[PDB]
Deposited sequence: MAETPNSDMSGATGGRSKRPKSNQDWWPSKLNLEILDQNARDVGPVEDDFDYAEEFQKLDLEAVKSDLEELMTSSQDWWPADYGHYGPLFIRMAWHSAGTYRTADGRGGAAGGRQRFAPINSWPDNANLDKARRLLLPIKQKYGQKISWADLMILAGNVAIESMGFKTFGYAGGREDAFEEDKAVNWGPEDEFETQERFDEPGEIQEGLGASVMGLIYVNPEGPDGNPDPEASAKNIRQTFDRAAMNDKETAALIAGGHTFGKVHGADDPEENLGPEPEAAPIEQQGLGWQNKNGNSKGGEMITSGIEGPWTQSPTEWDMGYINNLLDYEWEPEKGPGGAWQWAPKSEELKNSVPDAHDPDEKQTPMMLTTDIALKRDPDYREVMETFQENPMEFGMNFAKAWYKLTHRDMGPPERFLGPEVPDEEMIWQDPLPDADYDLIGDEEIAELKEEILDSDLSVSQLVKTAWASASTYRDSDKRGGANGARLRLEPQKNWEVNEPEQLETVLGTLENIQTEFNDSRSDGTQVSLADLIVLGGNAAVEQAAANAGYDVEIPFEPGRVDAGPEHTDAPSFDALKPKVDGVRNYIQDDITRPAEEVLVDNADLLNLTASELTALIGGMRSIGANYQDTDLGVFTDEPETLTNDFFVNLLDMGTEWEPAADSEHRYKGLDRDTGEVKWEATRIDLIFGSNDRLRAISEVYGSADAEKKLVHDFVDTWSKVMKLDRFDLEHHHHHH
């Protein structure tokens, strides 16, 4: 049970041989990569013969699996850093043979080098595969910075479900429920699901030419060195056969065979259950994928049937079949979201194939119909935010609630936009609704008064003012300790309306733990310090920064319900290193509080009286070894100025996490 500190470690450097990609990509002749991709598609390599002489259907699987592992909970997984290339995901059994898929794209990758990431490439192969099979995508954009290693944070072997039926049972009624929930926790809803599953299986076949548990070598990570990174030494799933009769053209095909004919539960030529027709008019309808003098009968899966059996999915399909323009429209649109969902907002969609239309899931931001504030206005605004009935605590705490939502996995959240004042942020437990309203109130009136007073068209947003009071507040506390710090500040944030906000999607940013505010929700099954570190990672913090941050915060005192937990000082709202001096002091001894979920009491070792209250968040800086080593530097007689500066650089950094 030791803190997986390594994940924070990741944020102190970047591994790999690179000292911005956006700039490089901006130089790439996209059209030519799409060209060479077209080519590649019918350009069969002997070491892994192409099905029907078209690689596209495969490449679709390589794109779909690259993005399919996304999760809204943490914005992790997905295809943003091209992490399909690395263990353990690269050896998921659901990703069998997809080593070859990525290998075909190596010449290309090699030709363009730094101008296209594996990341942007894999999704482009997906696009091109499709475009040149009768369809046409709703758009494409690059911008996916290539990662150089696994995601050490993820707590994960399948993209969604078992294709045989849950637990390996051909019970389609039942598999649906598994489909229904994966896709939910994926963000797709009933209609987006069937579009993608059907859009998807209108192409290619399955591969179960013989049983895998006996015909397939180690998966990439256990394979012998000589296999140069490939593995599973034609078989992938264990299930054999195509869906459509035209496995390489966009069309009703799947929705046709699925809905017109009836299907029986059979055992395939690789052991796993599949389905075939009781109907005999599809028998040898499809050309063999390889032998040109050969025919093959279509198959379906439990997973496919479950579309046709679930009350709801079934109707989505009837619609689609009774109307194919809608089939396309939905599937065009779902594909684009499935593949781009985790790249953040418009500012980060690059290239000349980005739609002109902006998607709700980009959590887009309006424009500044005014001239930005200048330094003269800045000091002016900063004086007046301190002159208000608002304390340090209050401003800090607000400035944190506005910025703390930024997560780096999907680039969602942040202070810019000021979505804190909106649903569902203005009404989060941890945000203290009635308290939050006050602060918002008070700052709105500064905007009001600031703007009205201008005879030059300059304006300030609330989103700026939230952060600005925050910086101001933090400067005040540092002046209350004898230091003279000026934080760097960036005007330009804007205020987003509800209309351009998908409120229910923002629920996934709800912190079940918040270290700066010593907030710990009742439920939590993980230990607090675990989720602390995990979040610490969404903000891209190193152990050291997480350490100064929380430590300096406790000197200032900005807690949920204004409690005194970890507030090991008797001069709150003064910025010092008292947290560490007192946490490190052996004069004081710690013990759990009885009849209390999160609380501990710090007693005088002698007297045996109460001296401090705290929680695991505060105490962890004193228990785990590495964190302590950091605490000990900060506690030291001369660490104080250093902790202030370190606090400042930290806070100021988080303030700006989403200034993409």
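Residues of the deposited sequence with no modelled C-alpha atom fall in the ranges 1-28, 48-50, 188-214, 292-301, 729-737.
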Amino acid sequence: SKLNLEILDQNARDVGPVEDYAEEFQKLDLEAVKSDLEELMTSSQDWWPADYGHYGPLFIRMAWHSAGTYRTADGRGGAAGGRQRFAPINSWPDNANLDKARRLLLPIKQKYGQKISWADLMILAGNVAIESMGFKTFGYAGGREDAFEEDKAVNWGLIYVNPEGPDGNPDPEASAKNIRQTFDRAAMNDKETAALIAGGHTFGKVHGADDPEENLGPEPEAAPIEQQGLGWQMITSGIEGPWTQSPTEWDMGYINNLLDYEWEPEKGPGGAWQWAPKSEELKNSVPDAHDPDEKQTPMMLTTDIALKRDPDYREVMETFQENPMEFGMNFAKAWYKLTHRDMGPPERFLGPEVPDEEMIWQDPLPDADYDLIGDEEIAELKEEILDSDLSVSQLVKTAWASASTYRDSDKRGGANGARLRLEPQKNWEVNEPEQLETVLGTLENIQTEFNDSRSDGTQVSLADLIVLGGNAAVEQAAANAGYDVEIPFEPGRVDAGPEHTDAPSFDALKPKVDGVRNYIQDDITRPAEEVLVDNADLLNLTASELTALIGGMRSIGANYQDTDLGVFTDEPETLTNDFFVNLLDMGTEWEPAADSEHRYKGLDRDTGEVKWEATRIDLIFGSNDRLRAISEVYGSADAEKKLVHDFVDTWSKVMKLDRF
From here on, numbers count along this sequence of modelled residues.
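The stretch with the higher mean CA B factor, choosing between 626-634 and 601-609, is 601-609. When the two stretches 164-172 and 130-138 are set side by side, the higher mean Cα temperature factor goes to 164-172. The PDB entry gives the largest Cα B-factor of the residues 412, 290, 337, 103 to 290. When the C-alpha B-factors of 227, 181, 582, 117 are read from the PDB record, the largest value belongs to 181. Looking at the C-alpha B-factors along this chain, the one for residue 596 belongs to the highest third. Ranked by C-alpha B-factor against the other modelled residues of its chain, residue 29 falls in the middle third.
For residue 333, the recorded CA temperature factor ranks within the middle third of the chain's modelled residues. The deposited CA B-factor of residue 358 belongs to the middle third of values across its chain. For residue 441, the recorded CA B-factor ranks within the lowest third of the chain. Only modelled residues enter the ranking.
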